[PDB]
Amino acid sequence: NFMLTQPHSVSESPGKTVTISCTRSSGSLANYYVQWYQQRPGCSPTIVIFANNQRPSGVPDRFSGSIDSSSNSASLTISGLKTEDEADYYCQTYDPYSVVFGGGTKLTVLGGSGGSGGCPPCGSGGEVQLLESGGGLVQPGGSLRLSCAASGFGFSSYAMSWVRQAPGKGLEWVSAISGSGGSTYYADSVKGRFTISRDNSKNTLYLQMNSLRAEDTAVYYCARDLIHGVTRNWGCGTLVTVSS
């Protein structure tokens, strides 16, 4: 479909402003909302900007987002940089059939230390709870079924998705399903092997993984989406290892 290109890394001094840009290779960027995620080392990702420029409660107002339709790009801007802003920032958007993450931009706040951050909670806060399970070790060609138990919201009113991350690598969208379960979407490399489904009376999301491959090794996250392609909340992940 398309790719999102953001720099591998950027550095800037504390107290200064930094902008991270993300260029979309194909399709018109202005047709689809752009999200930005912060992920500290060893933590789950958390939303900092959704729908191009919306800021959730709890995100400091030094974070802002914008889009530039003529260059087909979106930007995250951090004013008044603090050491706790040092992290990996991911852009994300979508088209009618797929969701795409950028490679992640690692932001270094020069000066070394003078702060920290800490990890977010599982479910991205509030009453929203997403608890993954089913991960384990499997042989190539094997099968595994992941489940995600949701609480704290009207589950059948929310599109849901699976996103995975191999330790030390980037976010990769896996699969998505509409609130009713009537529409499903798949990354190309998992089509014909993975099946996403949901049981709305049990508040549960499933991912059936057949024909497992070594490259399928990753932490797999459950995610609640406000619409297709706009992720608002993240689980804490379950680990899937595929090895001979």
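Throughout, we count residues from 1 along the sequence that is shown.
Averaged over Cα atoms, the B-factor as recorded in the entry is higher for 124 to 132 than for the other of 86 to 94 and 124 to 132. Looking at 153 to 161 and 113 to 121 together, the entry lists the larger mean B-factor for 113 to 121, computed on C-alpha atoms. Sort the modelled residues of the chain by CA B factor and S143 lands in the middle third. Sorting the modelled residues of the chain by their CA temperature factor places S244 in the highest third. Ranked by Cα temperature factor within the chain, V190 sits in the lowest third according to the deposited record.
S197: CA B factor in the lowest third of modelled residues in this chain (values from the PDB entry).
For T238, the recorded CA B-factor ranks within the middle third of the chain. Only modelled residues enter the ranking.
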